């Protein structure tokens, strides 16, 4: 903790070392990421209290008590991702914070910002974008970032909120482990909507063999996701960590 993730001398990657184990058996698999941990203290407490350990947790780099929520999550057995603030379209009106990676800045300034976020927690398998509408569409901005992440043995989860995102193509070009979320579960934060989106997730997972859903740690999201993930096994669905799928 306080250090940057690296591939070990033996070649072991963070994405292997901190992966949540799963059955290994054939069948439909689903990963669900609930992000935003560290932003609300009561919201983070509820997330840890209520979600089963199979739910992957995204930690906000700008969050507070990150070490506390890190230790609680890993104690319960959750796989963890680090959320990296990236430049949205509404910048600087919409500002995620001082460590936000910016499309126009040179590679070394963004890599320093990335490294500052990376050092705030440990034992995560990969990174995911927070926002990044502007950033993800810019090859010259995204490529050095994805190369740094890729070389440290981390996976990159793109939340899919930008259709113009270049992370899939860049990752193929550099051989980095990457995945797109299939479903945003809580674009509308109501019980009825989240249940419909969880049905979408199941449908896509059953057809493709696997799928990834993403949500934030809103009270309605936590309650709906906790209940659904606990009941998923009865319908031949194993909930696995993101690393198992990417």
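Residue numbers count along the first chain shown, from 1.
In this entry, the higher average B-factor at the C-alpha atoms falls on 4-12, of the pair 4-12 and 237-245.
Here 91-99 and 141-149 are compared by their mean Cα B-factor, and 91-99 comes out higher. Of the candidates 106, 126, 77, 132, it is 106 whose Cα B-factor is highest according to the PDB record. Comparing the listed residues 111, 121, 155, 84, the entry records the largest Cα B-factor for 111.
Among all modelled residues in its chain, residue 29 ranks in the lowest third by Cα B-factor. Sorting the modelled residues of the chain by their CA temperature factor places residue 173 in the highest third. Placement of the Cα temperature factor of residue 54 within the chain: lowest third of the modelled residues, per the deposited record.
Compared with the other modelled residues of the chain, the Cα B-factor recorded for residue 166 ranks in the middle third. When the modelled residues of the chain are ordered by their C-alpha B factor, residue 181 lands in the lowest third.
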